[PDB]
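**Q** Sharing a structure here in structure tokens format.
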Amino acid sequence: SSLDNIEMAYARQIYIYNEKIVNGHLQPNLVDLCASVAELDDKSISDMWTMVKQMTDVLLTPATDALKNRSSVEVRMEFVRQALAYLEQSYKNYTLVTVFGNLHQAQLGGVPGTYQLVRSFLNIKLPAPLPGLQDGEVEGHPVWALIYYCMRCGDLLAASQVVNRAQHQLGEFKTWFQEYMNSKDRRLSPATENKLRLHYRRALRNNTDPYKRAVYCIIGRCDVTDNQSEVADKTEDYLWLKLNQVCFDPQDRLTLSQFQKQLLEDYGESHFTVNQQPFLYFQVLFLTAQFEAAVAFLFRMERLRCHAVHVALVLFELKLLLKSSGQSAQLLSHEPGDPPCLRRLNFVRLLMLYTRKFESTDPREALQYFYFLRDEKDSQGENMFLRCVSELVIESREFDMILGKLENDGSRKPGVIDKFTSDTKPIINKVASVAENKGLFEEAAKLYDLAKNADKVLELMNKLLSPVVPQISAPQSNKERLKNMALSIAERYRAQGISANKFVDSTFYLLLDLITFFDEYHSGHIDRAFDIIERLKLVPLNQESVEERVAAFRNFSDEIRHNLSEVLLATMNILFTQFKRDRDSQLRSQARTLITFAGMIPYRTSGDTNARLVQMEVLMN
Amino acid sequence: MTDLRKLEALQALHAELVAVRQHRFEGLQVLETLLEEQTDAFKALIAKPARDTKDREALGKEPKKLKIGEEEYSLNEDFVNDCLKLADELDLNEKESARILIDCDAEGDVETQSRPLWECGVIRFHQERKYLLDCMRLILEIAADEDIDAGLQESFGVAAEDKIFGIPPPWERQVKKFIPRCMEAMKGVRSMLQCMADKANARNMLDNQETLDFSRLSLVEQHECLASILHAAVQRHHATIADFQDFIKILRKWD
């Protein structure tokens, strides 16, 4: 097996999600089905899916195009809020593990109020007082530190409580903050927003209290260039600092498009992967709505291929992933007729790479991933899922497992693909078609016979029999192994009343009779073998039938005319033997008949055959 | 023989490449037949499945019967102990690690070397990467040889573009480029060699000294082969500025 522990667990989860859609059940939450395995690994992966769920848990317009949802200002706004809610809660967990040694340890004693937690967080991260703080303290801590880390944790209420106990010190900041907490989308009114920004810009552009600076332009979304590096030293603190500063419809203003493009264009992977920590960059792209970038990026880490494919599937089963129309493009690209700030993922290629790894010895699991390509076609029109099953069968040669083994008793035990579509007639011909083009007739027959395509089964069975008609049928020979399959196809084609056009069909049952004629001839059962050839009315034995038999030879399958030479000789040698054992006249007359027939028929080795036939007739007299 | 395992397949393939390189074209028809059987091998230079817990708990729970692909084998208290040991030293999956040990029992190399069964798995694992990577150098080396037929010189060229670099030929045609896989490939060799000295030095601070020396030799040879393959790929103008910046940074961070 080519699948690692983690990859295998995901496969099982994707089998469920397929079993549900294959039986018409409720469309379960894919993101939940993937996070179910994440908990079996380190929390590096669990915290990823947590971000994936929260970033995709946005009210969408079902049955709407992918590009439309992702271009709409409506959806683009909720992404920023879902991310900020993740950066705030994520930071809140950092503040817990900073005070208590373990999340469990914090829980048993009870998570304290965000206010008392933050206070018990300031104790550690600033034990001694910084001399540059302003506006005094509140219950033993600087008022601005409490406000910042409370807003950072996302509890505006806890921050407003701090403000209520410092009404005299904070001046007019109270009426401004109380408006920020009330107004939605973390934005103030243009009039009041103007009043505070100008005040900050007036004489507080450079204040000795960094926490004061941070809060002001987090509330006013100002000084976008100043990264407030004094308080936002971590990467998440930067993302959170900026997403609280982005704006929507000219100076000192930043928008999501600029920010998202500004980040990866100027500070690409190189900047965010110098510490050899891959998820750091992924979180930067995913929490900025650049899902295709983050997916391709994370898909290149050979250790995190599994995770990047699935986060792509989630975005794909939620009409959020922007697929690349052309299949000839690179993995990541920007369509020419699209804005430059969005990118597109060649989803078809993405799955095709992941599959090649475990498609060789783990076919069942491969199909589960090929199903997501059911909705796509290629330039030639083939259904992508169907084509992927053809290529996977041509390579793996797993016919019984994937296509269903058709035993020699008339049964068709369904295969693994039967689960996904009930119309399995084309691919069985596709797989049968190539194997036919590769001279693998004995297989192409079994495959065509699996799809009950007797036109092709009998055609190929005619080719495999004609060479072996006069041969000696011996144990385990190529004659027995082909005759016995032909008879197993004769019964199942009569018991089920199946037949190809009379040309193909007539020749097929005719060869089977001839194969019996030589099997009796090679055994010495001369009398019995003579009777068979007489029924077939293939070789004339009375002079009257020569005219009609000669005309029939003209339109009989060349697989029959080929073996005419051996038939005449065996029949002659049959009469020849019976002569040495009135009757003499009758054999003599029949001997003549064979000669005149052979004389009027142009066929294989007519030279040596016509001569031998005449000699055997002379010895009779 | 005809039914050769992974190790015997790479060892036999290597001999064929040397023939064509030493002016011996008596195995042209036999050479092409091997590239098609090992197509999945040339795609990924070196990749070890991460150690999964599903197989760890399942292997030791019912160490009675093992099923790998189409064949079946029986596990005993002695063989099962070698699987966990090999998987721990190399951090390899239990399923993949077991297949390596099974190949030793069949070939019966324990008597040819007279070493523990679990140690042979380490050598057999390193041999695969050696020939798997060393054989690639011969393909590109022969594809650039000017003292051979122009037709044959071009056959190995287009083949390397698709088998090694994963670039389809001109008559046809989500996936990752070759360089990023090669850079990550060489990275694994460094991390594996670094952790080797740390763990080896701890216990050293035995009958496996020569085996450790041979493993270090194989690792340095594989690194040299990967470097030569990267140089050859760069010689075809298949790079960019990002790879150059990454290499410059790696050099600046040289210790």
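**Q** For each of B:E146, A:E317, A:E407, B:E141, count neighbouring Cβ atoms within 10 Å of the residue's Cβ, then give the residues from fewest to most.
**A** Ranking B:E146, A:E317, A:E407, B:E141 by Cβ neighbours within 10 Å, fewest first, gives B:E146, A:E407, B:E141, A:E317.
**Q** Another question about this same structure. Would you calculate the volume per residue, in Å³, of the smallest convex hull containing every Cα atom of chain B?
**A** 180 Å³
**Q** Let me ask you something else. Any idea what the dipole of segment A:185-235 comes to, in debye rounded to 20, about its Cα centre with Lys/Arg Cβ at +1 and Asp/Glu Cβ at -1?
**A** So the dipole magnitude of segment A:185-235 works out to roughly 220 debye.
**Q** Please give the Cα centre distance for segment A:279-309 versus segment B:102-155, rounded to the nearest Å.
**A** 35 Å
**Q** Give the residue from A:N501, A:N244, A:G381 lying farthest towards the positive end of the charge dipole for chain A; charges sit on Cβ (+1 for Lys and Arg, -1 for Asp and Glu) and the dipole is referred to the Cα centre.
**A** Positive-most Cα among the choices belongs to A:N244.
**Q** Evaluate peptide A:299-309: per residue, the Cβ atoms of other protein chains within 10 Å of its Cβ; return the mean as an integer.
**A** The mean count of partner-chain Cβ atoms within 10 Å per residue comes to 3.
**Q** At 222 nm, what value in deg cm²/dmol follows for chain A if DSSP H runs of at least 4 each add -39500 (n - 2.57) and the sum is divided by all its residues, to the nearest 500?
**A** Value at 222 nm, helices only, nearest 500: -19000 deg cm²/dmol.
**Q** In addition: Counting just the Cα atoms, what span does segment A:253-342 cover along each of its three principal axes? Round to the nearest Å and put the largest first.
**A** Between the extreme Cα coordinates on each principal axis of segment A:253-342 lie 37, 34, 24 Å.
**Q** With no solvent and one equal point scatterer per Cα, compute the Debye intensity ratio I(q)/I(0) for segment B:151-255 at 0.10, 0.16 Å⁻¹ and report its log10, rounded to two decimals.
**A** The Cα Debye sum returns log10 ratios of -0.43, -0.88.
**Q** Same structure, new question: Mind jotting down a quarter of the surface of the convex hull over the alpha carbons of segment A:61-117, in square nanometres, one decimal?
**A** 5.9 nm²
**Q** From the convex hull of the Cα coordinates of segment A:374-444, what is the mean projected area in square nanometres?
**A** Taking a quarter of the hull surface, the average projection is 5.2 nm².
**Q** May I ask for the Kirkwood hydrodynamic radius of segment A:445-497, worked out over all distinct Cα pairs and given in angstroms to one decimal?
**A** Taking every pair of different Cα atoms in segment A:445-497, averaging 1/r and inverting gives 11.6 Å.
**Q** Another question, then. Give the distance, in whole Å, between the Cα centre of segment A:40-83 and the Cα centre of segment A:455-513.
**A** Spelled out, the Cα-based centre of one part sits 61 Å from the other.
**Q** If r is the Cβ-Cβ distance from A:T208 to A:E19 and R0 is 51 Å, what FRET efficiency results, to the nearest 0.05?
**A** Between A:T208 and A:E19 the formula returns 0.20.
**Q** Also: Testing the spin-label approximation: label points 7 Å from Cα along Cα→Cβ at A:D249 and A:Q27. State their distance in nm.
**A** 3.1 nm
**Q** Rounded to the nearest 500, what is chain B's calculated 222 nm mean residue ellipticity when only DSSP H runs of at least 4 contribute -39500 (n - 2.57) each, over all residues?
**A** When only DSSP H runs of four or more count, the value is -23000 deg cm²/dmol.
**Q** Quick check: Cα centre of segment B:180-236 to Cα centre of segment B:4-57, how many Å?
**A** The two parts, judged by their Cα centres, are 20 Å apart.
**Q** For segment A:300-392, evaluate the Debye formula with one uniform point scatterer on each Cα (no solvent term) and list log10 I(q)/I(0) at q = 0.17 Å⁻¹, rounded to two decimals.
**A** Calculated log10 I(q)/I(0) at the listed q: -0.78.
**Q** From the Cα gyration tensor of segment A:179-287, with a ≥ b ≥ c the square roots of its eigenvalues, which class applies: rounded if a/c is under 1.5, or else prolate if a/b is larger than b/c, or else oblate?
**A** Taking the square roots of the gyration eigenvalues as a ≥ b ≥ c, segment A:179-287 is prolate.
**Q** If you don't mind, another one. Taking neighbour Cβ counts within 10 Å as the exposure measure, how do B:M205, A:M401 sort from fewest upward?
**A** Listing B:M205, A:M401 from fewest to most nearby Cβ atoms yields B:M205, A:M401.
**Q** Assuming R0 = 41 Å, what is the FRET efficiency of A:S71 and A:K425, from their Cβ-Cβ distance, to the nearest 0.05?
**A** Plugging the Cβ-Cβ distance into 1/(1 + (r/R0)^6) gives 0.50.
**Q** What shape does segment A:384-517 take by its C-alpha gyration tensor, where a ≥ b ≥ c are the square roots of the eigenvalues and a/c under 1.5 counts as rounded, a/b above b/c as prolate, and the rest as oblate?
**A** prolate
**Q** How much FRET efficiency would the formula 1/(1 + (r/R0)^6) give for B:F244 and A:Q258, where r is the Cβ-Cβ distance and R0 is 22 Å, rounded to 0.05?
**A** Result of the calculation: an efficiency of 0.20.
**Q** Past 25 Å, Cα to Cα, is the threshold; run A:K446/B:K65; A:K438/A:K502; B:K48/B:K130 against it and keep the listed order.
**A** A:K446/B:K65; A:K438/A:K502
**Q** Compute for segment B:1-130: radius of gyration divided by Kirkwood radius, i.e. Rg/Rh, restricted to C-alpha atoms, rounded to two decimals.
**A** That ratio is 1.02, to two decimals.
**Q** Treating only the Cβ of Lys, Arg, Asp and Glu as charged (+1, +1, -1, -1), what charge dipole size does segment A:492-621 show about its Cα centre? Round to the nearest 20 debye.
**A** 60 debye
**Q** Would you list the P(r) distribution for segment A:115-254, with all Cα-Cα distances sorted into 10 Å bins from 0 and each bin expressed as a whole %?
**A** The percentages, shortest bin first, are 11, 45, 37, 7, 0.
**Q** Please work out, to two decimal places, the log10 of the ratio I(q)/I(0) at q = 0.05, 0.07, 0.10 Å⁻¹ from a Debye calculation in which every Cα of the protein assembly as shown carries one identical scatterer.
**A** Debye curve over Cα of the protein assembly as shown, log10 I(q)/I(0) at q = 0.05, 0.07, 0.10 Å⁻¹: -0.46, -0.78, -1.23.
**Q** May I pose another question? To the nearest 20 debye, what charge dipole does segment A:428-584 have about its Cα centre, counting +1 at the Cβ of each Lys and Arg and -1 at the Cβ of each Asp and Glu?
**A** For segment A:428-584, the charge dipole is close to 420 debye.
**Q** Select from B:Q29, B:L45, B:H14 the residue farthest towards the positive end of the dipole of segment B:1-55; place +1 on Cβ of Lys and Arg, -1 on Cβ of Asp and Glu, and compute about the Cα centre.
**A** Selected residue: B:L45.
**Q** For segment A:8-143, just say rounded, prolate or oblate: build the C-alpha gyration tensor, square-root its eigenvalues into a ≥ b ≥ c, call rounded for a/c under 1.5, and beyond that prolate if a/b exceeds b/c, oblate if not.
**A** oblate
**Q** Continuing with this model, one more query. Please work out the ratio of the alpha-carbon Rg of segment A:494-554 to 2.2 N^0.38 Å and round it to two decimals.
**A** 1.31
**Q** Hey, another quick one. Please list, or write none, the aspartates and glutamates whose alpha carbon is within less than 12 Å of the alpha carbon of A:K483, excluding same-chain residues fewer than 8 places away.
**A** A:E442, A:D513, A:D519
Every read-out reported here was derived from the displayed coordinates using simple, explicitly stated rules and does not represent laboratory data. So basically every Cβ, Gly included, is an ideal-geometry build from the backbone, and we count neighbours across all protein chains shown.
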